[PDB]
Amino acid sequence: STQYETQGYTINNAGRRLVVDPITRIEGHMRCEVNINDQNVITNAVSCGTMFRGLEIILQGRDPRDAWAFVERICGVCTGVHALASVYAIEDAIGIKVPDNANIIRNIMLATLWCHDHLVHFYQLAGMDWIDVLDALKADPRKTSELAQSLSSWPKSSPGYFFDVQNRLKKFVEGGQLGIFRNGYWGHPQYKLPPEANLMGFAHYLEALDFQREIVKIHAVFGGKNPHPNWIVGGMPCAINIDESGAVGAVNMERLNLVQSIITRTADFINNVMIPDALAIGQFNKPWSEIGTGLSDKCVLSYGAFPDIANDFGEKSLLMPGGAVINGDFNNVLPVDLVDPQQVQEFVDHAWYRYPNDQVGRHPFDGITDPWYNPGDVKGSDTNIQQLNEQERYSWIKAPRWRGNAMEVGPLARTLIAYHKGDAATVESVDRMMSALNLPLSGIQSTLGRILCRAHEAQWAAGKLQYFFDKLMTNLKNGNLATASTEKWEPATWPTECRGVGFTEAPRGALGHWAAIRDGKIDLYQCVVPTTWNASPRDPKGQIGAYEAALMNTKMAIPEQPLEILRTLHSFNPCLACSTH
């Protein structure tokens, strides 16, 4: 065994090795290993992406106009965000400006996705780390109703409702067909909710599972379908016609009325179900404001998102701020440039890829995706990994760094960036949230904080949906209907050689696509995706990424039952298909 120091941590692979493979309640394929010391505290953590498809290789030779459709299939969970980044990248390369309504509609598509993804993550992915479903069978329905009514105005709170939910769970479990609940961690000492809160939470899990299907009807109106809506280079294909013959063939007043109806219901659900539940989880799990900090008090990154001025990706336009903090210096939020080769770089010295020199990082315009499965001495064989060898290559995920620093991305990162840039809404929301929990600001830099920030962002996004919808309707009232620019649709209009970057804030964090076009075709297409950052393996300096850092120093109550590991990993909302592409 060995030990070394990095980023304030002592990385020590002595002691018992624990493996969690598969990680479940994530998208895609992940393996995690840790070492624990004699006090059952994690002294080493290893994040491993266990899948690869090679979209960057597949994209070569494609028509740039088609690229969005291919890269959309990086992920069906964060569906649409890769298409958005792609059309932004290709428009940046060629020099295309889209009409205002297309920009507004794209912002609606992104905000819709934030609402959907944040909601489903909270309940269906992370929720069972916090809610003991089986313990809900012990709840008093009247006390559940009382609890719910103390937390929210949400209508669905009657004792008979909670009894009916409980009884349905009882009948579901009674024959032993526990389905998704089988062999769970129920009863673990870290489950701290009382039975009534467990029943309330489980009821809400079911309500959210039903309701989430409605949110994406917005994507169906503008994009045809969800998952995987359609887009175009030059704007959106959903032509508008309000008051002319043939409006039946276009986005018309009835279609817009449907969108409005979904927006209102989405905001209502997030504000009255998700928000109170997140605050309740916080109230009953305050120690988790001190667990899983990782890089969130060191290094955080946002590219920013939601340009409100069409075709302007600068600070005055982006409604979600960008910036970087390093070295724990939150008083100096630094600007990010995605073309600067000294800023974003990816390393592969601990990943299953070939570079000509694996000791250096490559900016994505110089990126290389040459897969090389080479695990070295695992305990086992090449087809039987018993223990990854984290001293050599151990993942399908590349290691991104920013100016050589390991960064955390995502809701917590964004919230910190906006807070420290002095965004007033963010400062007021964060301060009021932490006050309600009677916790210091530093409590947000934690596993609990990641959950709270994601919930808050769903509220923010639901508000922005209405703002964007209103902006669209204002344009329509002024007779501005355009949804596509086609001056540069034809390849004969394009530069012979050009390159571009498309960037945004996906639900999980900072997303970039770097594209180079030559002779009408994609010459290079490199993606660096939020879970690539967060789930990153080590670099030549031995620096650890966000997941590994967040797991470090964590106490496990029961080593064989990885609930604490799952809680912290799930708080990042891992998307492994995204991470590897």
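The first residue of the sequence shown is number 1, and the count goes up from there.
Engineer: If you take the mean CA temperature factor per stretch, which one wins between 565-573 and 10-18?
Structural biologist: The entry gives the higher C-alpha B-factor average to 10-18.
Engineer: Which is higher on mean Cα B factor in this entry, 260-268 or 386-394?
Structural biologist: In the deposited entry, the stretch with the higher C-alpha B-factor mean is 386-394.
Engineer: Could you say which of 92, 358, 210, 254 has its CA atom at the highest B factor, as listed in the PDB entry?
Structural biologist: Within the set 92, 358, 210, 254, 358 shows the top C-alpha B-factor.
Engineer: If you compare 458, 137, 484, 108, which has the highest Cα B-factor in the entry?
Structural biologist: Checking the PDB record, the top C-alpha B-factor among 458, 137, 484, 108 is at 137.
Engineer: By the record's CA B-factor, is residue 523 among the lowest, middle or highest third of residues in the chain?
Structural biologist: Its C-alpha B-factor belongs to the middle third of this chain's values.
Engineer: Tell me, lowest, middle or highest third: where does the Cα B factor of residue 100 rank within its chain?
Structural biologist: Its C-alpha B-factor, which the entry lists for residue 100, ranks in the middle third among residues of this chain.
Engineer: Check where residue 194 lands among this chain's C-alpha B-factors and tell me if it's the lowest, middle or highest third.
Structural biologist: Within its chain, residue 194 is a highest-third residue by C-alpha B-factor, going by the deposited values.
Engineer: Sort the modelled residues of this chain by their C-alpha B factor and say whether residue 117 lands in the lowest, middle or highest third.
Structural biologist: Ranked within chain, residue 117 CA B lands in the lowest tercile.
Engineer: In terms of the chain's CA B-factor thirds, is residue 508 lowest, middle or highest?
Structural biologist: Answer is lowest: the recorded C-alpha B-factor places it there.
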